[PDB]
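In: need a 3D model of the following:
(one chain, ligands or ions: 3)
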Amino acid sequence: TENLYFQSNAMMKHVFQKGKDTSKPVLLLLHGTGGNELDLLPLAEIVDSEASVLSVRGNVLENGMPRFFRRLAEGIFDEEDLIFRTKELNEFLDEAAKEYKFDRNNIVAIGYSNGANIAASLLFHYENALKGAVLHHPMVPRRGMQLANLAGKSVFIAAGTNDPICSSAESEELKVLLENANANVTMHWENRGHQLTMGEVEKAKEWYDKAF
Ligand SMILES: [Ca+2]
Ligand SMILES: [Cl-]
Ligand SMILES: [Zn+2]
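Out: Numbers count the residues shown, from 1 in each chain. Ligands and ions are numbered 1, 2, ... in the order given. Take a look:
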(Lines give C-alpha, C1' and ligand atoms only; values in the text may rest on other atoms or scores of the structure.)
(Ligands and ions follow the chains in the order given, each with its own letter.)
Protein backbone atom coordinates (compact mmCIF):
# COMPACT_ATOMS: atom_id res chain seq x y z
CA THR A 1 0.00 0.00 0.00
CA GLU A 2 1.13 3.57 -0.77
CA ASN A 3 -1.43 6.25 -0.04
CA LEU A 4 0.90 7.06 2.86
CA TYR A 5 0.90 10.81 2.58
CA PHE A 6 -2.87 11.07 2.98
CA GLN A 7 -3.11 8.55 5.81
CA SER A 8 -0.82 10.82 7.81
CA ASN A 9 -1.91 14.34 6.74
CA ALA A 10 -5.70 14.02 6.21
CA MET A 11 -8.22 15.81 8.40
CA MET A 12 -9.20 12.49 9.87
CA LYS A 13 -7.48 9.26 10.83
CA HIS A 14 -8.91 6.21 9.10
CA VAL A 15 -8.28 2.90 7.41
CA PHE A 16 -9.15 1.96 3.83
CA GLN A 17 -9.59 -1.47 2.29
CA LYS A 18 -9.99 -1.42 -1.47
CA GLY A 19 -12.74 -3.88 -2.38
CA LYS A 20 -12.98 -6.91 -4.61
CA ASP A 21 -15.71 -5.13 -6.56
CA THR A 22 -15.34 -1.38 -7.18
CA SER A 23 -18.86 -0.94 -8.58
CA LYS A 24 -20.37 -1.59 -5.13
CA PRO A 25 -20.88 1.20 -2.56
CA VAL A 26 -17.91 2.26 -0.45
CA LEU A 27 -18.91 1.37 3.11
CA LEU A 28 -18.23 4.28 5.48
CA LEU A 29 -17.86 3.07 9.07
CA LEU A 30 -18.44 5.23 12.15
CA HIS A 31 -17.72 3.85 15.63
CA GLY A 32 -19.74 4.46 18.77
CA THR A 33 -18.43 6.40 21.77
CA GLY A 34 -15.21 5.04 23.16
CA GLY A 35 -14.55 2.70 20.27
CA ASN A 36 -12.22 3.17 17.31
CA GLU A 37 -11.79 2.83 13.55
CA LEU A 38 -11.50 -0.97 13.75
CA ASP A 39 -14.65 -1.81 15.74
CA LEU A 40 -17.06 -1.98 12.87
CA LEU A 41 -14.82 -3.85 10.41
CA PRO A 42 -16.71 -7.11 11.17
CA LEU A 43 -20.01 -5.41 10.16
CA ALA A 44 -18.83 -4.53 6.67
CA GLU A 45 -17.70 -8.14 6.15
CA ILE A 46 -21.14 -9.40 7.08
CA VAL A 47 -22.89 -6.72 5.00
CA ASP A 48 -20.86 -6.76 1.77
CA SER A 49 -17.52 -8.56 1.82
CA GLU A 50 -16.75 -7.37 -1.70
CA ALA A 51 -17.24 -3.67 -0.84
CA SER A 52 -14.61 -1.02 -0.30
CA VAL A 53 -14.29 0.06 3.33
CA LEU A 54 -13.54 3.55 4.64
CA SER A 55 -13.43 3.53 8.45
CA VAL A 56 -12.81 6.66 10.44
CA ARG A 57 -11.69 7.60 13.95
CA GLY A 58 -13.53 10.63 15.35
CA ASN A 59 -11.59 13.83 16.06
CA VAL A 60 -13.05 14.54 19.48
CA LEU A 61 -12.08 13.03 22.85
CA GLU A 62 -14.42 12.68 25.79
CA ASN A 63 -12.35 11.57 28.73
CA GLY A 64 -9.94 9.55 26.57
CA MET A 65 -12.65 8.08 24.36
CA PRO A 66 -12.91 8.77 20.63
CA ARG A 67 -16.16 10.57 19.68
CA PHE A 68 -17.29 12.28 16.47
CA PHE A 69 -18.56 15.44 18.15
CA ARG A 70 -18.80 17.00 21.63
CA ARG A 71 -21.70 16.63 24.01
CA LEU A 72 -22.29 18.09 27.45
CA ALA A 73 -24.16 14.96 28.57
CA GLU A 74 -26.17 12.12 27.02
CA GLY A 75 -28.65 13.57 24.58
CA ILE A 76 -27.35 17.15 24.97
CA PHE A 77 -25.12 17.97 21.99
CA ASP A 78 -22.76 20.85 21.39
CA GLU A 79 -24.71 22.04 18.35
CA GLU A 80 -21.89 24.29 17.10
CA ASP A 81 -19.43 21.39 17.21
CA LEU A 82 -21.95 19.00 15.64
CA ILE A 83 -22.33 21.11 12.49
CA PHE A 84 -18.58 21.82 12.35
CA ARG A 85 -17.77 18.12 12.61
CA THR A 86 -20.47 17.18 10.12
CA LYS A 87 -18.99 19.62 7.67
CA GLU A 88 -15.50 18.34 8.48
CA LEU A 89 -16.50 14.76 7.75
CA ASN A 90 -18.19 15.81 4.52
CA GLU A 91 -15.14 17.73 3.36
CA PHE A 92 -13.17 14.59 4.22
CA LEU A 93 -15.23 12.19 2.13
CA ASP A 94 -14.39 14.72 -0.59
CA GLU A 95 -10.63 14.21 -0.23
CA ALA A 96 -10.88 10.45 0.39
CA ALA A 97 -12.89 10.01 -2.79
CA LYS A 98 -10.11 11.68 -4.74
CA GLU A 99 -7.15 10.09 -2.92
CA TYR A 100 -8.51 6.53 -3.10
CA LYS A 101 -10.09 7.09 -6.51
CA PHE A 102 -13.62 5.92 -5.69
CA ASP A 103 -17.01 7.41 -6.61
CA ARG A 104 -17.81 10.35 -4.32
CA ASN A 105 -21.53 9.96 -4.98
CA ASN A 106 -21.83 6.30 -3.97
CA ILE A 107 -21.05 5.97 -0.25
CA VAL A 108 -23.09 4.12 2.36
CA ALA A 109 -22.61 4.57 6.06
CA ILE A 110 -22.75 2.03 8.81
CA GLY A 111 -22.76 3.82 12.14
CA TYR A 112 -23.38 2.83 15.72
CA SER A 113 -24.73 5.16 18.42
CA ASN A 114 -22.66 8.34 18.38
CA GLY A 115 -21.32 7.28 14.99
CA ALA A 116 -24.86 6.76 13.70
CA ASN A 117 -25.68 10.25 14.92
CA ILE A 118 -23.10 12.03 12.82
CA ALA A 119 -24.22 9.91 9.88
CA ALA A 120 -27.77 11.06 10.42
CA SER A 121 -26.33 14.54 10.72
CA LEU A 122 -24.81 14.21 7.23
CA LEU A 123 -28.18 13.17 5.87
CA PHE A 124 -29.70 16.30 7.44
CA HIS A 125 -27.04 18.85 6.47
CA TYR A 126 -25.43 17.67 3.25
CA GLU A 127 -27.83 16.44 0.60
CA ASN A 128 -25.38 14.24 -1.25
CA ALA A 129 -22.76 13.20 1.25
CA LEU A 130 -24.27 9.72 1.50
CA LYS A 131 -26.07 7.52 -0.98
CA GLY A 132 -27.56 5.58 1.96
CA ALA A 133 -27.04 4.70 5.61
CA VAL A 134 -27.35 1.94 8.21
CA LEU A 135 -28.05 3.54 11.60
CA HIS A 136 -27.57 1.29 14.61
CA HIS A 137 -29.24 2.92 17.63
CA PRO A 138 -29.27 6.55 16.49
CA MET A 139 -30.83 9.70 17.88
CA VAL A 140 -32.26 12.79 16.25
CA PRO A 141 -29.12 14.85 15.38
CA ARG A 142 -30.96 18.17 15.68
CA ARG A 143 -34.57 19.39 15.71
CA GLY A 144 -36.38 22.15 13.81
CA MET A 145 -34.28 22.09 10.68
CA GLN A 146 -35.45 22.12 7.10
CA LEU A 147 -34.08 18.92 5.53
CA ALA A 148 -33.21 18.84 1.84
CA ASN A 149 -34.97 16.36 -0.42
CA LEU A 150 -33.58 12.86 0.12
CA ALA A 151 -35.48 11.48 -2.87
CA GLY A 152 -33.48 8.44 -3.93
CA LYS A 153 -31.95 7.71 -0.55
CA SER A 154 -32.51 4.66 1.64
CA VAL A 155 -32.01 4.47 5.38
CA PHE A 156 -31.96 1.50 7.72
CA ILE A 157 -32.54 2.19 11.41
CA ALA A 158 -32.03 -0.45 14.09
CA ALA A 159 -33.38 0.51 17.48
CA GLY A 160 -33.91 -1.21 20.81
CA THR A 161 -37.06 -1.61 22.84
CA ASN A 162 -35.64 -1.73 26.35
CA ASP A 163 -32.99 0.89 25.91
CA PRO A 164 -31.92 3.12 28.77
CA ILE A 165 -30.24 5.53 26.34
CA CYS A 166 -32.54 6.16 23.40
CA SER A 167 -36.29 6.23 23.85
CA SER A 168 -38.20 4.33 21.21
CA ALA A 169 -40.34 7.45 20.58
CA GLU A 170 -37.23 9.34 19.55
CA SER A 171 -36.30 6.53 17.19
CA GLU A 172 -39.65 6.96 15.44
CA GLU A 173 -39.25 10.73 15.52
CA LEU A 174 -36.10 10.14 13.45
CA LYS A 175 -37.92 7.88 10.99
CA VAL A 176 -40.67 10.42 10.45
CA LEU A 177 -38.29 13.36 10.04
CA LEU A 178 -36.46 11.33 7.37
CA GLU A 179 -39.62 10.23 5.52
CA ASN A 180 -40.91 13.81 5.45
CA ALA A 181 -37.82 14.54 3.36
CA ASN A 182 -38.67 11.68 0.99
CA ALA A 183 -36.17 9.11 2.21
CA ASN A 184 -37.23 5.48 2.12
CA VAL A 185 -36.79 4.33 5.68
CA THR A 186 -36.82 0.74 6.87
CA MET A 187 -37.00 0.20 10.60
CA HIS A 188 -35.98 -2.85 12.60
CA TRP A 189 -36.61 -3.44 16.31
CA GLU A 190 -34.68 -5.40 18.92
CA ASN A 191 -35.56 -5.77 22.59
CA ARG A 192 -32.10 -5.98 24.03
CA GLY A 193 -31.35 -2.39 25.07
CA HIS A 194 -28.48 -0.40 23.58
CA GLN A 195 -26.18 -3.32 22.57
CA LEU A 196 -25.53 -3.93 18.90
CA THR A 197 -26.88 -7.42 18.06
CA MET A 198 -26.30 -10.09 15.41
CA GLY A 199 -30.05 -10.00 14.88
CA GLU A 200 -29.91 -6.42 13.57
CA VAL A 201 -26.77 -6.87 11.43
CA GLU A 202 -28.41 -9.80 9.61
CA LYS A 203 -31.48 -7.68 8.87
CA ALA A 204 -29.24 -4.85 7.68
CA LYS A 205 -27.47 -7.19 5.28
CA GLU A 206 -30.84 -8.34 3.94
CA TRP A 207 -32.06 -4.76 3.58
CA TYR A 208 -28.78 -3.71 1.97
CA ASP A 209 -28.90 -6.42 -0.73
CA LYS A 210 -32.35 -5.15 -1.71
CA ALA A 211 -31.61 -1.41 -1.69
CA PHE A 212 -28.25 -1.58 -3.47
CA1 LIG B 1 -9.87 10.11 32.65
CL1 LIG C 1 -23.83 11.03 20.82
ZN1 LIG D 1 -29.86 2.30 21.83
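
In: tell me how many other residues crowd residue 107.
Out: For residue 107, the count of nearby residues is 23 (other Cβ atoms under 10 Å). Every residue, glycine included, has its C-beta placed from N, CA and C.

In: my read: it touches residue 93, true?
Out: Yes - with contacts counted by Cβ atoms under 8 Å, residue 107 reaches residue 93, the gap being 6.2 Å.

In: tell me, what's touching these two both at once?
Out: Jointly contacting residue 107 and residue 93 under the rule Cβ atoms under 8 Å, 6 or more residues apart in numbering are 28, 54, 129.

In: wait, a helix at the first one?
Out: It refers to residue 28. No - looking at residue 28 with DSSP: H, G, I helix; E, B strand; the rest coil, it is strand, so not inside a helix.

In: contacts only, for it.
Out: Counting by Cβ under 8 Å, 6+ apart, residue 28 has contacts 54, 55, 56, 93, 107, 108, 109, 110, 119, 130.

In: repeat that for the last one.
Out: With contacts defined as Cβ under 8 Å, 6+ apart, residue 129 is in contact with 89, 90, 93, 107, 122, 123.

In: again, only this time at 6 Å
Out: Residue 129 is in contact with 90, 122, counting by Cβ atoms under 6 Å, 6 or more residues apart in numbering.

In: quick one: what helix or strand has it in it?
Out: Using DSSP states H and E, residue 129 falls within no helix or strand.

In: what about it, distance to ligand 2?
Out: 18 Å (Cβ to the ion, to the nearest Å).

In: following element in sequence after the top helix by length along the chain, please.
Out: Looking across the chain with DSSP state H, the single longest helix is helix 79-99. Later in the chain than helix 79-99, the nearest helix or strand by DSSP H and E is strand 107-112.
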